[PDB]
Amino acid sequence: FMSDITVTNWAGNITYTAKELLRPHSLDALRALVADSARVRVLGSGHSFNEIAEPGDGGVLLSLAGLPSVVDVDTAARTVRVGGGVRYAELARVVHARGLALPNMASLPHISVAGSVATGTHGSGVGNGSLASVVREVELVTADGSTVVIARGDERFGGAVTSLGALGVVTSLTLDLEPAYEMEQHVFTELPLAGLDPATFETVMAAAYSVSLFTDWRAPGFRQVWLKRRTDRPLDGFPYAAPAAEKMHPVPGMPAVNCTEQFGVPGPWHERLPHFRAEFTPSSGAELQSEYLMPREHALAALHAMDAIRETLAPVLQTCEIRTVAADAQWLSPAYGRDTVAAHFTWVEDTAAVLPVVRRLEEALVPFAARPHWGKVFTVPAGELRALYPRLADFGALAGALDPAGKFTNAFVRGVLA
């Protein structure tokens, strides 16, 4: 019973120093556990790829998995209060049953709400904010075990949602909702980079509510374009690429059965926004990930930089996805303060092969003020990274106020707060 267990992240490339994952079965136990522990980090669903959740030797790694997972919809207010351990699959199911919906979802629904918003998680769409952007309140169990509630309108709120878990344990969050809506998902193959000029690029990325490009960085250009269209908006013709003949997966060769329905068949928002169907339930994945988030105005220049080193990127690549994100108010969001283009890389799980490629890619993106996704693999030096966040000092002041001893600051966060 009392023997050491090995705790890892989802992909298994990160092994935590913790010999047990503490799962308090009451809020009273959680408050006592936090108050009584010298250093704490929280584990969500483990879909980070780096040491963000690592509490260091002697540090406590805790989870909310032992507490009831509550999803409490207020239909009249169009809000939902959700436990921080609730995953988006369940959140979406429950709000949909109440006739309501989120404006966006990530690619795969089986990821915790608190863990997702902690790092700047997003989907696509030029007018769609990050997942954090719909949060209107957070409830934190702070270093001494007491609760602090921070709501939109509070001067502190800009640092309170996407906080890298550095303010305390987010026990619940409240999110704003809109009426449930229907969508169609239309996939296309072969969009050239040649002739993808500023106007065409803008048109393509704005052609539906959420648009992604996929490429293997092998033949020039893009292998796929995914349009997730709301049925309550116009769909113009899309001459720029060929309509897909078969159901597609982001990663060539992987099973398209795993993916959400295509060929433009209408279905509910939560069955179209993710790339992956709720029924697909992998307990781990053999992949690494990196993603770089840049000012949207640099999209073509960045894409051209990548194209120039495509022979370097391809050998260790499963797939690359290009997305857009609306400017984020959250101080630590990689989309902070600016409309954003994101370039995501799903790598083969070969750390030694991938790291040199990551470094080369980062060098290529320096001219475009690229901020890495906090949950993914990156090697941007700490000082250079701090320089990319205008309101970092404001964030550090907030963390200092809520957690003066840095109970929730680990090595990962310490590099950011330095």
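Note that residue numbering begins at 1 and tracks the sequence as displayed.
192 to 200 and 161 to 169 differ in mean CA B-factor, and the higher of the two is recorded for 192 to 200.
Of the two segments, 285 to 293 and 152 to 160, the one listed with the higher mean B-factor is 152 to 160 (C-alpha atoms only). In the PDB entry, the Cα temperature factor peaks, among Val34, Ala53, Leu388, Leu365, at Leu388.
Each of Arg136, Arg277, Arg338, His344 has a CA temperature factor in the record; the biggest one is found at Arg277. When all modelled residues of the chain are sorted by CA temperature factor, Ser107 is found within the middle third. In the deposited entry, the Cα temperature factor of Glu178 sits in the middle third of values across the chain's modelled residues.
Per-chain ranking of the deposited C-alpha B factor places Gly66 in the highest third. Per-chain ranking of the deposited C-alpha B factor places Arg360 in the highest third. The entry lists a Cα temperature factor for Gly129 that places it in the lowest third of the chain's modelled residues.
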